[PDB]
Amino acid sequence: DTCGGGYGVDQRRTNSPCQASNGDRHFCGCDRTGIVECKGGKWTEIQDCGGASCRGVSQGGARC
């Protein structure tokens, strides 16, 4: 459910369940327009990149 299919390395699906360790990592939405973090056990937007150019790594560190 990282992206309903074709998810990236640092891309996650919003309103989706995340891991416990994910709570200490950042991921850029599949739209690459916003950044979401693992909160309350679910991926929630914490930052807005504005443009679809946000890219991160498999280890997190999501950046615009």
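Above this text you will find the structure in question.
Participant: So what exactly am I meant to see when it comes to the overall build of the chain here?
Facilitator: A tally of helices and strands in the chain yields 0 helices and 5 strands. Counting from the amino terminus, helix and strand elements in the chain follow one another as β-β-β-β-β. A compact globule built from 64 residues should have a C-alpha radius of gyration of about 11 Å, and the chain, at 10 Å, falls within 12% of that. Expressed as lengths along the three principal axes of its C-alpha atoms, the size of the chain is roughly 30 × 20 × 20 Å. Carbon and sulfur atoms provide 39% of the accessible area of the chain, an area that totals close to 3,800 Å². Both charge centroids of the chain, one from 8 positive and one from 7 negative side chains, sit 4 Å from each other.

Participant: Can you walk me through the sheet that holds strand β2 (residues 34-39) in this structure?
Facilitator: What links the strands of a sheet is backbone hydrogen bonding, and the strands pair in either a parallel or an antiparallel sense. The sheet built from 3 strands is open, its strands ordered β1-β2-β3 with antiparallel pairing. Of all the strands in the sheet, just β1 (26-28) and β3 (42-48) have a single pairing partner and so form its edges. Along the sheet, successive strands turn relative to each other by an average axial angle of 40°, direction set aside. In this sheet, β2 lies alongside β1 in antiparallel orientation, the contact comprising 3 bridges. Bridge pairing in β2 links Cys28 to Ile35.

Participant: What should I look at first to understand the pairing of β3 in this one?
Facilitator: Every other side chain in a regular strand lies on the same face of the sheet, so the side chains alternate between the two faces. The pairing of β2 with β3 spans 6 bridges and is antiparallel. Bridge pairing in β3 links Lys39 to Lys42. The hairpin formed by β2 and β3 contains 2 residues between the paired strands, and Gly40 there has a positive phi angle of roughly 55°.

Criteria and cut-off values
- Residues numbered from 1 in each chain as written, not as in the entry; some residues may be left out.
- Heavy atoms only, no water.
- Helix = DSSP H or I, 4+ residues; strand = E, 2+ residues; numbered from the N terminus.
- Rg over C-alpha atoms; globule rule 2.2 N^0.38 Å.
- Areas by Shrake-Rupley, 256 points an atom, 1.4 Å probe, with all protein chains shown as cover.
- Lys, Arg positive; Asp, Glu negative; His and termini not counted.
- Charge placed at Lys NZ, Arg CZ, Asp CG, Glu CD.
- Pairing = 2+ DSSP bridges.
- Axes fitted to C-alpha atoms, helices over the stretch in contact; angles between N-to-C directions.

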